[PDB]
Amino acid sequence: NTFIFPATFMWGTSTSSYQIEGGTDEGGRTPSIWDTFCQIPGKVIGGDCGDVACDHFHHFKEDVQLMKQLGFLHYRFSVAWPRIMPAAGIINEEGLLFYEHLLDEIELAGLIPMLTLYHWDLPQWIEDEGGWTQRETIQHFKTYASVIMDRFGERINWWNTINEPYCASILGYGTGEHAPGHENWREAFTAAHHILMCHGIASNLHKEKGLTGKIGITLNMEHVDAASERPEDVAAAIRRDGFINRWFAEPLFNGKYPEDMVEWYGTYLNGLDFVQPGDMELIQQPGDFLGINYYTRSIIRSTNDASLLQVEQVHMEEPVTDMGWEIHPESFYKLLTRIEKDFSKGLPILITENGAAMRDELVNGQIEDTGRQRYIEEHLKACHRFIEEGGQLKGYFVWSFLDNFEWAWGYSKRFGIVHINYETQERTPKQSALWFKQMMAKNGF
């Protein structure tokens, strides 16, 4: 009953720039959409903002070393756009130097990095020009992605373009749940198109420069189950799947939007006008790997309400994390199998994020997070079963090396395998982290 993963399997840890850096108004960084969003009453639990956060901006060397000490050979992080392009075409050298030093530390500890170009922290000045709803933003992104690729790239083995296009578009401009906080479906679908194009843009910049680092986009995906055998529930569930999964994966691999969903969004697509000749061709560029983020599954039933999809999620109280998210590792296996069947069909799959937020408690200077553990272990078994059966899973990154600003949840949720004392900013590895260290040592468990 042992689970040993390939010899070449990629074991890593992942973070986000806004969630851990802090130093919001330092080194020339200008405000990002989240800096603004977090100040709007009700948008973030407790009114928390990414100000200071884990202060990684100052503790980066101790963190990267902490990673090494923990036996990690890979580290995925994102670059804060606001640190690089603080204003319309200026190129903040100070921001660039920060990441350069971060990289000096990574290479020094013997780690292999993965740079994520966009992790939701769009510069605010860009949002003032219309944000992701303006084609013009794609050019600003072209400027940004180019600067990073030129300044680096010679030492970036792995390029991660966009992290979860779905969240930035649907939640950012559609539901109002993520920055900038709009509630307009037309704007959301337009933004999703634009963000997807940027993956293709970065992909062209990657080829035009001749970089050798593997590149690819990361899509969050979730397995969808119907709440019952009722026809309308089954339909309901097809709709949710197209909403989060197929709307982004289809264009990426097949060069098109789900016909059913396109028909369902009707007037909101305004005739797909935002789609210009060449666009789809630009977006349909899988690359060398498909990054995937997974946390849970959804159980859907239909409704006849005013919402966009007229769907209702069945909230399982069963094993769940501190965020109310159900723990169903089996769905992870099914999702991965499904992914390879369509879209993926062979391409290297990489789980750029997976993990859980459990209520932590410090006892005797240690964190006995058995839960976050029953969680990572079981999902890894699901990954192991996916392999062993032919699946092309090439790696796994545990989400959140450190506890951090969990977006709308603020600091109330802890996803880290390393505990952050926010009063003193001291790092303290949790039991799950130690376990992960032994596991990576034996390359299995």
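The first residue of the sequence shown is number 1, and the count goes up from there.
Q: Could you check which stretch, 23-31 or 402-410, carries the larger mean CA temperature factor in the entry?
A: Taking the mean B-factor of the alpha carbons in each, 23-31 is higher.
Q: Quick one: higher average CA temperature factor, 64-72 or 415-423?
A: In the deposited entry, the stretch with the higher C-alpha B-factor mean is 64-72.
Q: By the entry's C-alpha temperature factors, tell me which of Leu362, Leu122, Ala235, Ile170 sits highest.
A: Comparing C-alpha B-factors across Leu362, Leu122, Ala235, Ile170, the top value belongs to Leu362.
Q: Which is it among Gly89, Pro180, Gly242, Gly355: the one with the largest CA B-factor in the entry?
A: Across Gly89, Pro180, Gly242, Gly355, the entry lists the biggest C-alpha B-factor for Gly89.
Q: Ranking the modelled residues of this chain by C-alpha B-factor as given in the entry, is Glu368 in the lowest, middle or highest third?
A: Middle third by C-alpha B-factor.
Q: Based on the entry's values, in what third of the chain does the Cα temperature factor of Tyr396 lie: lowest, middle or highest?
A: Answer is middle: the recorded C-alpha B-factor places it there.
Q: Where does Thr175 sit by CA temperature factor within its chain: lowest, middle or highest third?
A: Lowest third.
Q: According to the PDB entry, is the CA B factor of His193 in the bottom, middle or top third of its chain, that is, lowest, middle or highest?
A: Lowest third, going by the recorded CA B-factors of the chain.
Q: Of the three thirds of its chain by CA temperature factor, lowest, middle or highest, which one includes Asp279?
A: Answer is middle: the recorded C-alpha B-factor places it there.
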